[PDB]
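Q: My structure is stored as query.csv, with CSV, C-alpha atoms.
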```csv
chain,number,residue,atom,x,y,z
A,1,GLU,CA,15.2,-22.5,-18.2
A,2,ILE,CA,13.0,-20.1,-20.0
A,3,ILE,CA,15.6,-17.3,-20.5
A,4,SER,CA,18.1,-19.7,-22.1
A,5,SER,CA,15.4,-21.3,-24.3
A,6,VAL,CA,14.2,-17.9,-25.7
A,7,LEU,CA,17.8,-16.8,-26.2
A,8,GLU,CA,18.2,-20.0,-28.4
A,9,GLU,CA,15.6,-18.3,-30.7
A,10,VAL,CA,17.6,-15.1,-30.7
A,11,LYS,CA,20.7,-17.2,-31.7
A,12,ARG,CA,18.7,-18.9,-34.5
A,13,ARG,CA,17.7,-15.5,-35.9
A,14,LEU,CA,21.2,-14.2,-35.7
A,15,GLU,CA,22.3,-17.2,-37.8
A,16,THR,CA,20.9,-15.7,-41.0
A,17,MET,CA,20.7,-11.9,-40.1
A,18,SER,CA,22.3,-9.5,-42.5
A,19,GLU,CA,25.0,-7.1,-41.3
A,20,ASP,CA,22.6,-4.2,-42.1
A,21,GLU,CA,19.7,-5.6,-40.1
A,22,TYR,CA,22.0,-6.5,-37.2
A,23,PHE,CA,23.4,-2.9,-37.3
A,24,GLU,CA,19.8,-1.6,-36.8
A,25,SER,CA,19.8,-3.6,-33.5
A,26,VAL,CA,23.3,-2.2,-32.6
A,27,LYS,CA,22.1,1.4,-33.3
A,28,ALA,CA,18.8,1.0,-31.4
A,29,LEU,CA,20.4,-0.5,-28.2
A,30,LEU,CA,23.3,2.0,-28.4
A,31,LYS,CA,20.9,5.0,-28.5
A,32,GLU,CA,18.8,3.7,-25.7
A,33,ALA,CA,21.8,3.2,-23.4
A,34,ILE,CA,23.5,6.5,-24.5
A,35,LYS,CA,20.3,8.5,-23.9
A,36,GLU,CA,19.7,7.1,-20.4
A,37,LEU,CA,23.3,7.8,-19.4
A,38,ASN,CA,22.9,11.3,-20.9
A,39,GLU,CA,26.7,11.9,-21.1
A,40,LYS,CA,28.9,13.2,-23.9
A,41,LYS,CA,31.7,10.6,-23.7
A,42,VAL,CA,31.0,6.9,-23.4
A,43,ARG,CA,32.9,3.6,-23.8
A,44,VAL,CA,31.2,0.7,-25.7
A,45,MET,CA,31.9,-3.0,-25.1
A,46,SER,CA,30.5,-5.9,-27.2
A,47,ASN,CA,31.7,-8.9,-29.1
A,48,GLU,CA,34.4,-8.4,-31.8
A,49,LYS,CA,32.1,-8.3,-34.7
A,50,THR,CA,29.9,-5.6,-33.1
A,51,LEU,CA,32.7,-3.3,-32.1
A,52,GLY,CA,34.1,-3.7,-35.6
A,53,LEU,CA,30.7,-2.6,-37.1
A,54,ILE,CA,30.5,0.4,-34.7
A,55,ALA,CA,34.0,1.5,-35.8
A,56,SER,CA,33.2,1.1,-39.5
A,57,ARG,CA,29.9,2.9,-39.4
A,58,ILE,CA,30.6,5.6,-36.8
A,59,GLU,CA,29.3,8.4,-39.1
A,60,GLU,CA,25.9,6.7,-39.4
A,61,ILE,CA,25.8,6.5,-35.6
A,62,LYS,CA,26.7,10.2,-35.1
A,63,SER,CA,24.0,11.3,-37.6
A,64,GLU,CA,21.3,9.7,-35.4
A,65,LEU,CA,23.1,10.9,-32.2
A,66,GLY,CA,25.4,13.9,-32.7
A,67,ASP,CA,26.3,14.8,-29.1
A,68,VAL,CA,28.2,11.7,-28.3
A,69,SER,CA,31.8,10.6,-28.6
A,70,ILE,CA,32.3,6.8,-28.5
A,71,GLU,CA,35.5,5.0,-27.6
A,72,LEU,CA,35.6,1.2,-28.1
A,73,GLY,CA,36.4,-0.8,-25.0
A,74,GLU,CA,37.4,-4.4,-24.5
A,75,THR,CA,35.7,-7.2,-26.4
A,76,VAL,CA,33.4,-9.5,-24.4
A,77,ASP,CA,31.6,-12.8,-24.7
A,78,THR,CA,28.1,-11.7,-25.8
A,79,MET,CA,25.7,-13.0,-28.4
A,80,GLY,CA,25.1,-9.3,-29.3
A,81,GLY,CA,23.9,-5.9,-28.2
A,82,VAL,CA,26.1,-3.5,-26.3
A,83,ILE,CA,27.4,-2.5,-22.9
A,84,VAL,CA,27.8,1.3,-22.5
A,85,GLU,CA,29.6,3.0,-19.7
A,86,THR,CA,30.7,6.5,-18.9
A,87,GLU,CA,34.3,7.3,-19.8
A,88,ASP,CA,35.4,7.1,-16.2
A,89,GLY,CA,33.7,3.7,-15.8
A,90,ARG,CA,31.4,4.8,-13.0
A,91,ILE,CA,28.1,4.0,-14.5
A,92,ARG,CA,27.3,1.1,-16.9
A,93,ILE,CA,24.2,0.1,-18.8
A,94,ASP,CA,24.1,-3.5,-19.9
A,95,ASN,CA,22.2,-3.8,-23.2
A,96,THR,CA,23.5,-7.2,-24.2
A,97,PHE,CA,20.9,-9.6,-25.5
A,98,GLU,CA,21.5,-11.8,-22.5
A,99,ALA,CA,20.9,-9.0,-20.0
A,100,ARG,CA,17.9,-7.7,-21.9
A,101,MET,CA,16.2,-11.1,-22.1
A,102,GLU,CA,16.6,-11.4,-18.3
A,103,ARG,CA,14.9,-8.0,-17.9
A,104,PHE,CA,12.0,-9.0,-20.2
A,105,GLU,CA,11.5,-12.4,-18.5
A,106,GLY,CA,8.3,-11.0,-17.0
A,107,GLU,CA,6.7,-10.5,-20.4
A,108,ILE,CA,7.4,-14.2,-21.3
A,109,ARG,CA,5.8,-15.2,-17.9
A,110,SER,CA,2.8,-13.0,-18.7
A,111,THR,CA,2.2,-14.8,-22.0
A,112,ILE,CA,2.4,-18.2,-20.2
A,113,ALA,CA,-0.1,-16.9,-17.6
A,114,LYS,CA,-2.4,-16.0,-20.6
A,115,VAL,CA,-2.0,-19.5,-22.0
A,116,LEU,CA,-2.9,-21.1,-18.6
A,117,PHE,CA,-5.6,-18.7,-17.2
A,118,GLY,CA,-6.8,-16.4,-19.9
B,1,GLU,CA,11.1,-24.2,-32.2
B,2,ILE,CA,9.9,-21.3,-30.0
B,3,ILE,CA,6.4,-22.8,-29.3
B,4,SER,CA,7.9,-26.1,-28.2
B,5,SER,CA,10.4,-24.3,-25.9
B,6,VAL,CA,7.7,-22.2,-24.1
B,7,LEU,CA,5.5,-25.3,-23.8
B,8,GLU,CA,8.4,-26.9,-21.9
B,9,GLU,CA,8.1,-24.2,-19.3
B,10,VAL,CA,4.3,-24.8,-19.1
B,11,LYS,CA,5.0,-28.5,-18.6
B,12,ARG,CA,7.5,-27.7,-15.8
B,13,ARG,CA,4.9,-25.5,-14.1
B,14,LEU,CA,2.2,-28.2,-14.4
B,15,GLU,CA,4.6,-30.7,-12.7
B,16,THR,CA,3.9,-29.0,-9.3
B,17,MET,CA,0.6,-27.2,-9.9
B,18,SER,CA,-2.0,-27.9,-7.2
B,19,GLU,CA,-5.4,-29.2,-8.3
B,20,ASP,CA,-7.1,-26.0,-7.2
B,21,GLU,CA,-4.8,-23.8,-9.3
B,22,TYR,CA,-5.2,-26.1,-12.3
B,23,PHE,CA,-8.9,-26.1,-11.9
B,24,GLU,CA,-8.9,-22.2,-12.1
B,25,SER,CA,-7.3,-22.8,-15.5
B,26,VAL,CA,-10.0,-25.3,-16.4
B,27,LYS,CA,-12.8,-23.0,-15.4
B,28,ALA,CA,-11.3,-20.0,-17.2
B,29,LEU,CA,-10.8,-21.8,-20.5
B,30,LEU,CA,-14.2,-23.6,-20.4
B,31,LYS,CA,-15.8,-20.2,-19.7
B,32,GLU,CA,-14.1,-18.5,-22.6
B,33,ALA,CA,-15.0,-21.3,-25.1
B,34,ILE,CA,-18.6,-21.6,-23.9
B,35,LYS,CA,-19.0,-17.8,-24.2
B,36,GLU,CA,-17.7,-17.8,-27.9
B,37,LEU,CA,-19.9,-20.8,-28.9
B,38,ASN,CA,-22.9,-19.2,-27.2
B,39,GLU,CA,-24.6,-22.6,-26.7
B,40,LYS,CA,-26.3,-24.2,-23.7
B,41,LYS,CA,-25.1,-27.8,-24.2
B,42,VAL,CA,-21.4,-28.6,-25.0
B,43,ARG,CA,-19.1,-31.6,-25.1
B,44,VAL,CA,-15.6,-31.3,-23.6
B,45,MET,CA,-12.5,-33.3,-24.5
B,46,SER,CA,-9.1,-33.2,-22.6
B,47,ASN,CA,-6.7,-35.5,-20.9
B,48,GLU,CA,-8.1,-38.0,-18.4
B,49,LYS,CA,-7.1,-35.9,-15.4
B,50,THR,CA,-8.9,-32.8,-16.6
B,51,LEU,CA,-12.2,-34.6,-17.6
B,52,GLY,CA,-12.0,-36.3,-14.2
B,53,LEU,CA,-11.8,-32.9,-12.5
B,54,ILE,CA,-14.7,-31.5,-14.5
B,55,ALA,CA,-16.9,-34.5,-13.6
B,56,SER,CA,-16.1,-34.3,-9.8
B,57,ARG,CA,-16.4,-30.5,-9.6
B,58,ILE,CA,-19.3,-30.0,-11.9
B,59,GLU,CA,-21.3,-28.1,-9.2
B,60,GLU,CA,-18.5,-25.5,-8.8
B,61,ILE,CA,-18.4,-25.1,-12.6
B,62,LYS,CA,-22.1,-24.3,-12.7
B,63,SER,CA,-21.8,-21.9,-9.8
B,64,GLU,CA,-19.4,-19.7,-11.8
B,65,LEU,CA,-20.3,-20.4,-15.4
B,66,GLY,CA,-24.0,-20.5,-15.0
B,67,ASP,CA,-26.6,-22.9,-16.5
B,68,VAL,CA,-24.3,-24.9,-18.8
B,69,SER,CA,-24.8,-28.5,-19.6
B,70,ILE,CA,-21.5,-30.4,-20.1
B,71,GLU,CA,-21.0,-33.9,-21.5
B,72,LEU,CA,-17.6,-35.5,-21.3
B,73,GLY,CA,-16.2,-36.7,-24.6
B,74,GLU,CA,-13.2,-38.8,-25.6
B,75,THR,CA,-9.8,-38.2,-24.0
B,76,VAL,CA,-7.1,-36.6,-26.1
B,77,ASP,CA,-3.3,-36.4,-25.6
B,78,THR,CA,-2.8,-32.9,-24.2
B,79,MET,CA,-0.8,-31.2,-21.5
B,80,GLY,CA,-4.0,-29.5,-20.3
B,81,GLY,CA,-6.7,-27.1,-21.2
B,82,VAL,CA,-9.9,-28.1,-22.9
B,83,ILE,CA,-11.5,-28.7,-26.3
B,84,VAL,CA,-15.1,-27.6,-26.3
B,85,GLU,CA,-17.7,-28.6,-29.0
B,86,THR,CA,-21.3,-28.0,-29.7
B,87,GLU,CA,-23.4,-31.0,-28.9
B,88,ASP,CA,-23.8,-31.9,-32.6
B,89,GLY,CA,-20.0,-31.6,-33.1
B,90,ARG,CA,-20.4,-29.0,-35.8
B,91,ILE,CA,-18.2,-26.3,-34.1
B,92,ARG,CA,-15.2,-26.9,-32.0
B,93,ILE,CA,-13.0,-24.5,-29.9
B,94,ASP,CA,-9.5,-25.7,-29.3
B,95,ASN,CA,-8.4,-24.3,-25.9
B,96,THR,CA,-5.7,-26.9,-25.1
B,97,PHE,CA,-2.4,-25.3,-23.9
B,98,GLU,CA,-0.7,-26.5,-27.2
B,99,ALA,CA,-3.2,-24.7,-29.4
B,100,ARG,CA,-3.2,-21.6,-27.1
B,101,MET,CA,0.6,-21.4,-27.2
B,102,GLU,CA,0.5,-21.4,-31.0
B,103,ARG,CA,-2.1,-18.6,-30.9
B,104,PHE,CA,0.0,-16.5,-28.5
B,105,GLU,CA,3.2,-17.1,-30.4
B,106,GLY,CA,3.0,-13.5,-31.6
B,107,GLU,CA,3.5,-12.1,-28.1
B,108,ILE,CA,6.7,-14.2,-27.6
B,109,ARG,CA,8.1,-12.9,-31.0
B,110,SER,CA,7.2,-9.3,-29.9
B,111,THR,CA,9.3,-9.8,-26.7
B,112,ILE,CA,12.2,-11.3,-28.8
B,113,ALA,CA,11.9,-8.3,-31.2
B,114,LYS,CA,12.1,-5.9,-28.3
B,115,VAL,CA,15.3,-7.6,-27.1
B,116,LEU,CA,16.9,-7.2,-30.5
B,117,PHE,CA,15.6,-3.8,-31.8
B,118,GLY,CA,14.3,-1.9,-28.7
```
Would you give me this structure, written as structure tokens?

A:
Amino acid sequence: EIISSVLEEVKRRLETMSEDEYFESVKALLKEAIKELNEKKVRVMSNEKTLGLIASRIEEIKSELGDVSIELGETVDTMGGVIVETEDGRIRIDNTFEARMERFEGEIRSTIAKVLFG
Amino acid sequence: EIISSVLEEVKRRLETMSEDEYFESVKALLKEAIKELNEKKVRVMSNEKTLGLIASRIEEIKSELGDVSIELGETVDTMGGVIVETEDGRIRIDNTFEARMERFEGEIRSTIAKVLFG
């Protein structure tokens, strides 16, 4: 499967990624989700390492997004990225790497179409 | 490797591809190479299946590509696509799927980068 094969490359890259570079991913995907939801109180779910980073570096996050209050939620089985929901649990944006790769599957197929047909 | 992985998906697509669809790939990649070389006479190398199709459908090739003169060359071990050479062998365009995938590697990495960093 093409999704799983490209996620293997994401896995390889995470193998040597620094905490600081990974946190740039966390911040970017947090901001995207938080901005689309456009609410002042959200809950964030991710793997244990990621939630720990968000907790440790909350002030860095609030400087690039001052309106939001984050509460950590339950830890999940993800390679990385974040799931962000409203405090009440009504709306949820899945910004895990797994979900994001699925959503960008069309870009991979477009490249393959380029290879085959120009 | 990322190139080998995406080529596995190309291989899977070729497992069921009709002759007519594959020949659309052949024509497109021949057209591109012949345009860049800007020569009247060329030599084409590919797997036996592809060279066979070019030989049997030469009239269709000329209808779309114009007044080209193609000579079949030796077979090469490729998944598909074409290698196109000037008659004297001086200049060679590698339009095999293997070579093309390497050349479009950047587009795959851009999709991966988007998954990670937005």

Q: Once you count all atoms listed in the file, what closest atom pair and distance in Å to one decimal does each residue of chain B within 10 Å of chain A have, with rows by chain and rising residue number, as JSON lines?

A:
```
{"residue": "B:1", "atom": "CA", "partner": "A:9", "partner_atom": "CA", "distance": 7.6}
{"residue": "B:2", "atom": "CA", "partner": "A:9", "partner_atom": "CA", "distance": 6.5}
{"residue": "B:3", "atom": "CA", "partner": "A:6", "partner_atom": "CA", "distance": 9.9}
{"residue": "B:4", "atom": "CA", "partner": "A:5", "partner_atom": "CA", "distance": 9.7}
{"residue": "B:5", "atom": "CA", "partner": "A:5", "partner_atom": "CA", "distance": 6.0}
{"residue": "B:6", "atom": "CA", "partner": "A:2", "partner_atom": "CA", "distance": 7.0}
{"residue": "B:7", "atom": "CA", "partner": "A:112", "partner_atom": "CA", "distance": 8.5}
{"residue": "B:8", "atom": "CA", "partner": "A:2", "partner_atom": "CA", "distance": 8.4}
{"residue": "B:9", "atom": "CA", "partner": "A:2", "partner_atom": "CA", "distance": 6.4}
{"residue": "B:10", "atom": "CA", "partner": "A:112", "partner_atom": "CA", "distance": 7.0}
{"residue": "B:12", "atom": "CA", "partner": "A:1", "partner_atom": "CA", "distance": 9.6}
{"residue": "B:13", "atom": "CA", "partner": "A:112", "partner_atom": "CA", "distance": 9.8}
{"residue": "B:14", "atom": "CA", "partner": "A:116", "partner_atom": "CA", "distance": 9.7}
{"residue": "B:21", "atom": "CA", "partner": "A:117", "partner_atom": "CA", "distance": 9.4}
{"residue": "B:22", "atom": "CA", "partner": "A:116", "partner_atom": "CA", "distance": 8.4}
{"residue": "B:23", "atom": "CA", "partner": "A:117", "partner_atom": "CA", "distance": 9.7}
{"residue": "B:24", "atom": "CA", "partner": "A:117", "partner_atom": "CA", "distance": 7.0}
{"residue": "B:25", "atom": "CA", "partner": "A:117", "partner_atom": "CA", "distance": 4.8}
{"residue": "B:26", "atom": "CA", "partner": "A:117", "partner_atom": "CA", "distance": 8.0}
{"residue": "B:27", "atom": "CA", "partner": "A:117", "partner_atom": "CA", "distance": 8.6}
{"residue": "B:28", "atom": "CA", "partner": "A:117", "partner_atom": "CA", "distance": 5.8}
{"residue": "B:29", "atom": "CA", "partner": "A:118", "partner_atom": "CA", "distance": 6.7}
{"residue": "B:31", "atom": "CA", "partner": "A:118", "partner_atom": "CA", "distance": 9.8}
{"residue": "B:32", "atom": "CA", "partner": "A:118", "partner_atom": "CA", "distance": 8.1}
{"residue": "B:80", "atom": "CA", "partner": "A:116", "partner_atom": "CA", "distance": 8.6}
{"residue": "B:81", "atom": "CA", "partner": "A:116", "partner_atom": "CA", "distance": 7.6}
{"residue": "B:95", "atom": "CA", "partner": "A:115", "partner_atom": "CA", "distance": 8.9}
{"residue": "B:96", "atom": "CA", "partner": "A:115", "partner_atom": "CA", "distance": 8.8}
{"residue": "B:97", "atom": "CA", "partner": "A:115", "partner_atom": "CA", "distance": 6.1}
{"residue": "B:98", "atom": "CA", "partner": "A:115", "partner_atom": "CA", "distance": 8.8}
{"residue": "B:99", "atom": "CA", "partner": "A:115", "partner_atom": "CA", "distance": 9.1}
{"residue": "B:100", "atom": "CA", "partner": "A:115", "partner_atom": "CA", "distance": 5.6}
{"residue": "B:101", "atom": "CA", "partner": "A:115", "partner_atom": "CA", "distance": 6.1}
{"residue": "B:102", "atom": "CA", "partner": "A:115", "partner_atom": "CA", "distance": 9.5}
{"residue": "B:103", "atom": "CA", "partner": "A:115", "partner_atom": "CA", "distance": 8.9}
{"residue": "B:104", "atom": "CA", "partner": "A:111", "partner_atom": "CA", "distance": 7.1}
{"residue": "B:105", "atom": "CA", "partner": "A:111", "partner_atom": "CA", "distance": 8.8}
{"residue": "B:106", "atom": "CA", "partner": "A:111", "partner_atom": "CA", "distance": 9.7}
{"residue": "B:107", "atom": "CA", "partner": "A:111", "partner_atom": "CA", "distance": 6.8}
{"residue": "B:108", "atom": "CA", "partner": "A:108", "partner_atom": "CA", "distance": 6.3}
{"residue": "B:109", "atom": "CA", "partner": "A:9", "partner_atom": "CA", "distance": 9.2}
{"residue": "B:110", "atom": "CA", "partner": "A:107", "partner_atom": "CA", "distance": 9.6}
{"residue": "B:111", "atom": "CA", "partner": "A:107", "partner_atom": "CA", "distance": 6.9}
{"residue": "B:112", "atom": "CA", "partner": "A:10", "partner_atom": "CA", "distance": 6.9}
{"residue": "B:113", "atom": "CA", "partner": "A:10", "partner_atom": "CA", "distance": 8.9}
{"residue": "B:114", "atom": "CA", "partner": "A:104", "partner_atom": "CA", "distance": 8.7}
{"residue": "B:115", "atom": "CA", "partner": "A:100", "partner_atom": "CA", "distance": 5.8}
{"residue": "B:116", "atom": "CA", "partner": "A:25", "partner_atom": "CA", "distance": 5.5}
{"residue": "B:117", "atom": "CA", "partner": "A:25", "partner_atom": "CA", "distance": 4.5}
{"residue": "B:118", "atom": "CA", "partner": "A:28", "partner_atom": "CA", "distance": 6.0}
```

Q: Any chance you could lay chain A over chain B, fitting all C-alpha atoms in order by least squares, and write the moved chain as a compact mmCIF listing (two decimals) with C-alpha atoms, in the coordinates of the input?

A:
```txt
# COMPACT_ATOMS: atom_id res chain seq x y z
CA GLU A 1 11.25 -24.25 -32.10
CA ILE A 2 9.96 -21.48 -29.97
CA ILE A 3 6.44 -22.91 -29.36
CA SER A 4 7.83 -26.24 -28.13
CA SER A 5 10.46 -24.52 -25.94
CA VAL A 6 7.85 -22.28 -24.17
CA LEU A 7 5.52 -25.25 -23.77
CA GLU A 8 8.48 -26.99 -21.90
CA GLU A 9 8.02 -24.16 -19.31
CA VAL A 10 4.31 -24.84 -19.13
CA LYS A 11 5.17 -28.56 -18.50
CA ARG A 12 7.67 -27.58 -15.76
CA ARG A 13 4.98 -25.52 -14.00
CA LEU A 14 2.46 -28.27 -14.28
CA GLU A 15 4.96 -30.57 -12.53
CA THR A 16 4.30 -29.00 -9.13
CA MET A 17 0.80 -27.35 -9.66
CA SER A 18 -1.86 -28.15 -7.15
CA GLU A 19 -5.17 -29.67 -8.27
CA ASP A 20 -6.90 -26.45 -7.07
CA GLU A 21 -4.66 -24.11 -9.03
CA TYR A 22 -4.87 -26.32 -12.12
CA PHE A 23 -8.72 -26.30 -11.77
CA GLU A 24 -8.61 -22.45 -11.95
CA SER A 25 -6.97 -22.89 -15.41
CA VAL A 26 -9.63 -25.54 -16.37
CA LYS A 27 -12.47 -23.17 -15.28
CA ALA A 28 -10.99 -20.10 -17.02
CA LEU A 29 -10.41 -21.85 -20.43
CA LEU A 30 -13.79 -23.64 -20.16
CA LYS A 31 -15.67 -20.32 -19.65
CA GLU A 32 -13.86 -18.61 -22.44
CA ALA A 33 -14.66 -21.38 -24.94
CA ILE A 34 -18.28 -21.84 -23.64
CA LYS A 35 -18.98 -18.09 -23.87
CA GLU A 36 -17.69 -17.74 -27.44
CA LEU A 37 -19.74 -20.73 -28.58
CA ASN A 38 -22.73 -19.21 -26.74
CA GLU A 39 -24.69 -22.52 -26.70
CA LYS A 40 -26.54 -24.33 -23.92
CA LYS A 41 -25.19 -27.86 -24.52
CA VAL A 42 -21.52 -28.54 -25.12
CA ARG A 43 -19.15 -31.55 -25.13
CA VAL A 44 -15.71 -31.20 -23.41
CA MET A 45 -12.58 -33.15 -24.39
CA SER A 46 -9.24 -33.10 -22.49
CA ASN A 47 -6.79 -35.48 -20.94
CA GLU A 48 -8.08 -38.03 -18.37
CA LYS A 49 -7.13 -36.12 -15.34
CA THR A 50 -8.91 -32.95 -16.56
CA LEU A 51 -12.15 -34.61 -17.50
CA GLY A 52 -12.07 -36.36 -14.14
CA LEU A 53 -11.73 -32.93 -12.35
CA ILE A 54 -14.59 -31.44 -14.45
CA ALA A 55 -16.84 -34.37 -13.46
CA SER A 56 -15.93 -34.10 -9.77
CA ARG A 57 -16.37 -30.37 -9.52
CA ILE A 58 -19.30 -29.81 -11.89
CA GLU A 59 -21.26 -27.77 -9.27
CA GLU A 60 -18.40 -25.28 -8.94
CA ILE A 61 -18.42 -24.93 -12.73
CA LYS A 62 -22.21 -24.36 -12.94
CA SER A 63 -22.06 -21.67 -10.20
CA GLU A 64 -19.72 -19.57 -12.38
CA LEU A 65 -21.71 -20.52 -15.55
CA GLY A 66 -25.31 -21.59 -14.91
CA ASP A 67 -26.71 -21.78 -18.46
CA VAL A 68 -24.60 -24.61 -19.64
CA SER A 69 -24.91 -28.37 -19.65
CA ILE A 70 -21.58 -30.22 -20.13
CA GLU A 71 -21.17 -33.77 -21.37
CA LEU A 72 -17.65 -35.30 -21.23
CA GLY A 73 -16.30 -36.51 -24.54
CA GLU A 74 -13.37 -38.71 -25.42
CA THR A 75 -10.03 -38.33 -23.70
CA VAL A 76 -7.17 -36.87 -25.77
CA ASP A 77 -3.42 -36.44 -25.67
CA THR A 78 -3.07 -32.89 -24.28
CA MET A 79 -0.80 -31.37 -21.68
CA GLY A 80 -3.94 -29.53 -20.41
CA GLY A 81 -6.71 -27.08 -21.12
CA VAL A 82 -9.88 -28.07 -22.91
CA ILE A 83 -11.51 -28.61 -26.28
CA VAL A 84 -15.20 -27.55 -26.35
CA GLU A 85 -17.63 -28.35 -29.07
CA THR A 86 -21.33 -28.02 -29.61
CA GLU A 87 -23.35 -31.14 -28.84
CA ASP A 88 -23.81 -31.92 -32.50
CA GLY A 89 -20.05 -31.56 -33.12
CA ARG A 90 -20.40 -28.78 -35.67
CA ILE A 91 -18.33 -26.15 -34.07
CA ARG A 92 -15.19 -26.68 -31.90
CA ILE A 93 -12.99 -24.34 -29.93
CA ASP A 94 -9.55 -25.66 -29.16
CA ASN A 95 -8.35 -24.30 -25.80
CA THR A 96 -5.62 -26.84 -25.20
CA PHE A 97 -2.34 -25.42 -23.98
CA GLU A 98 -0.73 -26.53 -27.20
CA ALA A 99 -3.26 -24.73 -29.39
CA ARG A 100 -3.22 -21.64 -27.21
CA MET A 101 0.58 -21.33 -27.23
CA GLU A 102 0.46 -21.48 -31.06
CA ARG A 103 -2.08 -18.62 -31.05
CA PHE A 104 0.08 -16.50 -28.69
CA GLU A 105 3.30 -17.14 -30.67
CA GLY A 106 3.10 -13.53 -31.85
CA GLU A 107 3.45 -12.16 -28.33
CA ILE A 108 6.68 -14.24 -27.82
CA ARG A 109 7.98 -12.83 -31.20
CA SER A 110 7.11 -9.32 -30.03
CA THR A 111 9.21 -9.71 -26.88
CA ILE A 112 12.17 -10.99 -29.00
CA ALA A 113 11.73 -7.97 -31.32
CA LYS A 114 11.95 -5.77 -28.12
CA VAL A 115 15.13 -7.54 -27.08
CA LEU A 116 16.73 -7.00 -30.55
CA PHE A 117 15.42 -3.50 -31.57
CA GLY A 118 13.92 -1.78 -28.61
```

Q: Do you have the CA of residue 88 (chain A)-CA of residue 59 (chain A) distance handy?

A: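 Going from CA of residue 88 (chain A) over to CA of residue 59 (chain A), I get 23.7 Å.
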
Q: One number please: CA of residue 36 (chain A) to CA of residue 73 (chain A), in Å, one decimal.

A: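 That distance, rounded to one decimal, is 19.0 Å.
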
Q: Identify which of the residues B:70, B:11, B:85, B:38 lies closest to residue 55 (chain B), counting all atoms listed in the file when measuring atom-to-atom distances.

A: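 The answer is B:70, which sits nearest to residue 55 (chain B).
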
Q: What does the structure give for the distance between CA of residue 66 (chain A) and CA of residue 40 (chain A), in Å to one decimal?

A: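 Atom-to-atom, CA of residue 66 (chain A) and CA of residue 40 (chain A) are spaced 9.5 Å apart.
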
Q: Set the distance at 10 Å and use only C-alpha atoms: which residues neighbour residue 44 (chain B) once local chain neighbours fewer than 6 positions away are removed? I'd like the list as number ranges by chain.

A: B: 30, 50-51, 54, 70-75, 82-87, 92-93

Q: So that I have them on file, write out the residues from the current selection with C-alpha atoms, as a PDB file, in the coordinates of the input.

A:
```pdb
ATOM      1  CA  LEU B  30     -14.200 -23.600 -20.400  1.00  0.00           C
ATOM      2  CA  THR B  50      -8.900 -32.800 -16.600  1.00  0.00           C
ATOM      3  CA  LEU B  51     -12.200 -34.600 -17.600  1.00  0.00           C
ATOM      4  CA  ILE B  54     -14.700 -31.500 -14.500  1.00  0.00           C
ATOM      5  CA  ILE B  70     -21.500 -30.400 -20.100  1.00  0.00           C
ATOM      6  CA  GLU B  71     -21.000 -33.900 -21.500  1.00  0.00           C
ATOM      7  CA  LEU B  72     -17.600 -35.500 -21.300  1.00  0.00           C
ATOM      8  CA  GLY B  73     -16.200 -36.700 -24.600  1.00  0.00           C
ATOM      9  CA  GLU B  74     -13.200 -38.800 -25.600  1.00  0.00           C
ATOM     10  CA  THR B  75      -9.800 -38.200 -24.000  1.00  0.00           C
ATOM     11  CA  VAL B  82      -9.900 -28.100 -22.900  1.00  0.00           C
ATOM     12  CA  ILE B  83     -11.500 -28.700 -26.300  1.00  0.00           C
ATOM     13  CA  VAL B  84     -15.100 -27.600 -26.300  1.00  0.00           C
ATOM     14  CA  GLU B  85     -17.700 -28.600 -29.000  1.00  0.00           C
ATOM     15  CA  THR B  86     -21.300 -28.000 -29.700  1.00  0.00           C
ATOM     16  CA  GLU B  87     -23.400 -31.000 -28.900  1.00  0.00           C
ATOM     17  CA  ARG B  92     -15.200 -26.900 -32.000  1.00  0.00           C
ATOM     18  CA  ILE B  93     -13.000 -24.500 -29.900  1.00  0.00           C
TER      19      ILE B  93
END
```

Q: Between A:89, A:60, A:65, A:47, which residue has the minimum interatomic distance to residue 77 (chain A), considering only C-alpha atoms?

A: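 Answer, going by the shortest atom-to-atom distance: A:47.
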
Q: May I ask you to restore N, CA and C atoms in region 85-92 of chain A and write the result as a PDB file, keeping the file's coordinate frame?

A:
```pdb
ATOM      1  N   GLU A  85      29.262   2.382 -20.955  1.00  0.00           N
ATOM      2  CA  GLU A  85      29.600   3.000 -19.700  1.00  0.00           C
ATOM      3  C   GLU A  85      30.138   4.430 -19.890  1.00  0.00           C
ATOM      4  N   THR A  86      30.089   5.236 -18.835  1.00  0.00           N
ATOM      5  CA  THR A  86      30.700   6.500 -18.900  1.00  0.00           C
ATOM      6  C   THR A  86      32.203   6.350 -19.067  1.00  0.00           C
ATOM      7  N   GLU A  87      32.876   7.374 -19.579  1.00  0.00           N
ATOM      8  CA  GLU A  87      34.300   7.300 -19.800  1.00  0.00           C
ATOM      9  C   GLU A  87      35.088   6.901 -18.580  1.00  0.00           C
ATOM     10  N   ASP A  88      34.666   7.404 -17.424  1.00  0.00           N
ATOM     11  CA  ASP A  88      35.400   7.100 -16.200  1.00  0.00           C
ATOM     12  C   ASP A  88      35.039   5.723 -15.583  1.00  0.00           C
ATOM     13  N   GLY A  89      34.077   5.020 -16.178  1.00  0.00           N
ATOM     14  CA  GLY A  89      33.700   3.700 -15.800  1.00  0.00           C
ATOM     15  C   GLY A  89      32.772   3.585 -14.585  1.00  0.00           C
ATOM     16  N   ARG A  90      32.275   4.733 -14.139  1.00  0.00           N
ATOM     17  CA  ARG A  90      31.400   4.800 -13.000  1.00  0.00           C
ATOM     18  C   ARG A  90      30.064   4.170 -13.129  1.00  0.00           C
ATOM     19  N   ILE A  91      29.402   4.458 -14.245  1.00  0.00           N
ATOM     20  CA  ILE A  91      28.100   4.000 -14.500  1.00  0.00           C
ATOM     21  C   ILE A  91      28.083   3.137 -15.776  1.00  0.00           C
ATOM     22  N   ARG A  92      27.355   2.030 -15.769  1.00  0.00           N
ATOM     23  CA  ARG A  92      27.300   1.100 -16.900  1.00  0.00           C
ATOM     24  C   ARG A  92      25.906   0.641 -17.147  1.00  0.00           C
TER      25      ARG A  92
END
```
